[PDB]
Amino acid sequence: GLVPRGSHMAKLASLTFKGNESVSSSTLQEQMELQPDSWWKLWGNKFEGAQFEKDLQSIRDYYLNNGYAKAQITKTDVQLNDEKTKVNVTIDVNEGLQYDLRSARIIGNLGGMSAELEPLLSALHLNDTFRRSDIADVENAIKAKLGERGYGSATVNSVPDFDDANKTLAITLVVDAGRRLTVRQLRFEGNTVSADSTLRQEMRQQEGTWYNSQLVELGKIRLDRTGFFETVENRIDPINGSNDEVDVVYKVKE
């Protein structure tokens, strides 16, 4: 069967990094929400892995945003005390080399937008330190561009080619525009003040026709500008057993 279990707290006593020759322990620790002297929730001899994993990902993101494209978290060790108070964490990193971005290319299924996607690669800083977050920004710009023509589910995947001798890397962005999508319904979540049909009236994406990322964004803007909402967000909802139709959902927090 299933049985209830309750949690106790223990303080994160020490944070130790191993293998980080080029980036300081203090800088790595700064990427983490879990800091020494903060409390760690334990259940029996189990710890919450969710936040720790996000902290490990922030460490990875830092390396990848500062040129260390092959950086890996090699091992982690969460140890207790005998006393159920104080955990001590050890994180091993393999930093690898710091790379410059030498080139970037787009390939794949481009939904007829090859010429309009190419100029987006200009945002990148060639012959400069590789920065993952710059690539991620190009990926989102590619998706927004393809969204103009209905390809609201386009995927982009960055594929590296490493030159360790010269400490450069080449990026191939593998794009799959996917299918042109038709919007079936515009749906609103979180709205109590105004009826769904009232909000729908402020949207510029229309139901029953092609998704257009520009008109979808414009609705989110038209809601943001009123000031009536803490957050405005939108997403694409797949429809069971369709590959060609989707719903667009606007999530407001009042």
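Sequential numbering from 1, following the sequence displayed.
*Asks:* When the Cα temperature factors in the entry are averaged, is it 142 to 150 or 172 to 180 that ends up higher?
*Replies:* Higher mean C-alpha B-factor: 172 to 180.
*Asks:* As stated in the PDB record, which stretch has the larger average Cα B-factor, 187 to 195 or 62 to 70?
*Replies:* Per the PDB entry, the higher value belongs to 187 to 195.
*Asks:* With respect to the C-alpha temperature factors reported in the PDB entry, which of 158, 133, 109, 88 ranks highest?
*Replies:* The listed residue with the largest C-alpha B-factor is 88.
*Asks:* Hey, out of 97, 126, 80, 113, whose CA B-factor is highest in the deposited coordinates?
*Replies:* Among 97, 126, 80, 113, the highest C-alpha B-factor in the entry belongs to 80.
*Asks:* Ranking the modelled residues of this chain by C-alpha B-factor as given in the entry, is residue 40 in the lowest, middle or highest third?
*Replies:* Tercile = highest for this residue's CA B-factor.
*Asks:* Sorting by Cα B-factor within the chain, modelled residues only, which third would residue 208 end up in: lowest, middle or highest?
*Replies:* It belongs to the middle third of the chain when residues are ordered by C-alpha B-factor.
*Asks:* Comparing against every modelled residue in the chain, figure out the third that the C-alpha B-factor of residue 223 lands in (lowest, middle or highest).
*Replies:* Its C-alpha B-factor belongs to the middle third of this chain's values.
*Asks:* Sort the modelled residues of this chain by their C-alpha B factor and say whether residue 117 lands in the lowest, middle or highest third.
*Replies:* Residue 117: CA B-factor falls in the lowest third of its chain.
*Asks:* Taking the C-alpha B-factors as the PDB entry records them, is residue 26 in the lowest, middle or highest third of its chain?
*Replies:* Within its chain, residue 26 is a middle-third residue by C-alpha B-factor, going by the deposited values.
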